[PDB]
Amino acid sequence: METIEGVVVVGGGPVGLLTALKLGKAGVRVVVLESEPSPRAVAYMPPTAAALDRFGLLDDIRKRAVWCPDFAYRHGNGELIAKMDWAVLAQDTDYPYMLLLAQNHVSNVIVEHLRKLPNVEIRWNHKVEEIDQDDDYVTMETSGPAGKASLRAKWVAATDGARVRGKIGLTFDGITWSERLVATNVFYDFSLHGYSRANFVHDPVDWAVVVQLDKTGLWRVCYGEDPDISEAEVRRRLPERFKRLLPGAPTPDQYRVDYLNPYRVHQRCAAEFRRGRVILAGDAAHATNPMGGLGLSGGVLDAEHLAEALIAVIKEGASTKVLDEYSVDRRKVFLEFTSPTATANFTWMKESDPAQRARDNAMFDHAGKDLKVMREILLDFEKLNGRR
C-alpha cells in the first residue's frame, strides 16, 4: 500500500493548508486530503496577521482582504456603543488592523503557495473512512473520486471538524450546543449607513454579528431565530427581522440576500490534542462559542506551532515531547483565553436584564472613549500566541 514518509494532513481548510505549507517549505513530504455554512471563519486580528506574515502569505491575503481599521459595538437600533480602533496599537505591532476575508478566498491563496512546493500534494475530495495506528505508522482507509484506497503515514495532522477526531478514541470535553443561529450573506451597503466593517450588535432579541465577507460588497449577518420553526418560516421572517438587523430600517428592495442558512454549532475541546501519531489542530481540536468567537478560532497559530513541532521531530531528531508541548500550549490558549472570551462576548451580547445591560453599556462606553483602556483590551488578543 501507499506509504508516506512524512505527514498526511486531513482537511483542506486554511488550518490544514497552512500546516502543510510550513511543513512543505521545510522539506517534509506532505499529502493533504481535502473534503468540502458557506463561507465561515473570517477575521484576522494582529497576532494572526503576524503569523500569516511568517508563513509568507500576508501580502497576498492583504490584496484581497477587507481592511478593517476598527470594529464597533452597537445597540439593536444601530447606535454606536463603542468603536474600538486598531490604530491605538500602532506602537505595539507592525499589524495594527484586522483583515476580513471569506475562507474560500484564504484557502485559494494558500493553495497558490502550496503549488510551488513539489513535495506537497493536494488530493481533492478524499475522505478518511477508517484510521488506526501502530508503533511506526498511522494507516488510513480513504475514499475519493477513484474509489477506495489505503494510505499510511509517519504522522497525521487532523484539522477537520466533523465527527478522524472521533475515530481515534479521543475524549472531547466541554461539549455545549448553540441556540438556533441564522447565517445570511447579504448585499447591503452597511458602510453607507455608518457601520464599521465588523460590528457586534448588542440586544436581547435582535443581537447580531455583521461583518464584511469580501470586496464584492457581500456581508455576513448572523442572528438568532426561534428554534421551533421550519427553514421556510425562517425565510419568511427575514424581511421583518431585517427592519431591525440592517441599519436604516430598509425595505426589501434596498438589499439582496445571497444565501441563508439556519445552523447550530457545538463548542468543545479535545482532552488532549495528540493521540500517538495523530495530532489535532483547529476545528478538529476545539470550537469556541460561534457568536463571540470572531477572530478567536486560534487555527492559524495552532497550525504554525503544529508544523514547527513536526518539523523538529521529522527533520531535527527531536523527541515527541515537542508534540506534547504543542498540545499543552494550544489547549491552554483555548481553555484559558479563547473559550472564556468568546463565552463572555456572547453573554454581553444577548444580556436581557435591563439593569445589567446598562452596566455593561457603561463599561463598553468607557472602553470606547479611554484610549489606554481600548489599547489594553486590543492587546489582549496577543494571548492567541500562548507562551511560544
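Heads up: residue numbers just count along the shown sequence, starting at 1.
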| property | result |
| --- | --- |
| Missing residues, deposited sequence, between residue 36 and residue 37 (class: none, 1 to 3, 4 to 9, 10 or more) | 4 to 9 |
| Deposited residues omitted from coordinates between residue 163 and residue 164, as a class | 1 to 3 |
| 310-318 versus 109-117 - which carries the larger mean C-alpha B factor in the record | 310-318 |
| Comparing 197-205 with 272-280, the one whose average Cα B-factor in the PDB entry is higher | 272-280 |
| Largest Cα B-factor, entry values, listed residues 171, 212, 185, 216 | 171 |
| Maximum C-alpha temperature factor, selected from 159, 176, 125, 251 | 176 |
| Within-chain third of residue 356 by Cα B-factor, per the entry | highest |
| For residue 304, the third of its chain into which the C-alpha B factor falls | lowest |
| Chain third (lowest, middle, highest) by recorded CA B-factor, residue given as residue 265 | highest |
| For residue 93, the third of its chain into which the C-alpha B factor falls | middle |
| Chain-relative CA temperature factor third for residue 25 | highest |
